[PDB]
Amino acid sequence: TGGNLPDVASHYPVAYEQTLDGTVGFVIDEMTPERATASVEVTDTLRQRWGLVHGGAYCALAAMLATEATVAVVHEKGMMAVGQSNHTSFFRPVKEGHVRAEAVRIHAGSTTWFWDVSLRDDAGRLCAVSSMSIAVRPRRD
C-alpha cells in the first residue's frame, strides 16, 4: 500500500499519491493496535510562507496516523473509524529535517478511541502534541 497505510480493503476511493497524505509525503513506519509511528521529510510543501512547518501539517499527520491505526483493527470487524476531534498544541517550530510522530493509544472504548500523538524533530525535541479522539461506528455500505 502507498505510504504503508494499512491494507484493509480491495480498492480505495482516492489513490495514495493523489491524497493530501501522498502529496506531502507521510509514511507509516510501525503500526500496532496500541502504538503507531510515522514520519515526513520537511520540504516547502509542508511549510507556510514564513518558512516554518505549517500548523495544519502536524494536525494532518496526527489525524491520519491515529485514524488509520484505528481502521487497521476495526475495519475487519465491520466498523469505520473517523476523526471526531483533534486538540493540538505547538511548543517549538520545526524549520527543516523531518517530523516524526508517535501515536499511543490511551483509551479504546466501544464507540471512541483516544490517541496521544507526540511530534518530534530530528534532534528528538518535542515540538507539538496532538490528541485525537476517533469515532468508531458500524459501516454504512
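Start at 1 and count along the sequence shown; that's the residue number.
K.L.:
Which is higher on mean Cα B factor in this entry, 96 to 104 or 53 to 61?
P.N.:
So the stretch with the higher mean C-alpha B-factor is 96 to 104.
K.L.:
Which is higher on average in the deposited entry, the C-alpha temperature factors of 117 to 125 or of 6 to 14?
P.N.:
Result of the comparison: 6 to 14.
K.L.:
At the C-alpha atoms, which of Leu46, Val82, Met31, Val40 reaches the highest B-factor in this entry?
P.N.:
The listed residue with the largest C-alpha B-factor is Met31.
K.L.:
Taking the C-alpha B-factors as the PDB entry records them, is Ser110 in the lowest, middle or highest third of its chain?
P.N.:
Tercile = highest for this residue's CA B-factor.
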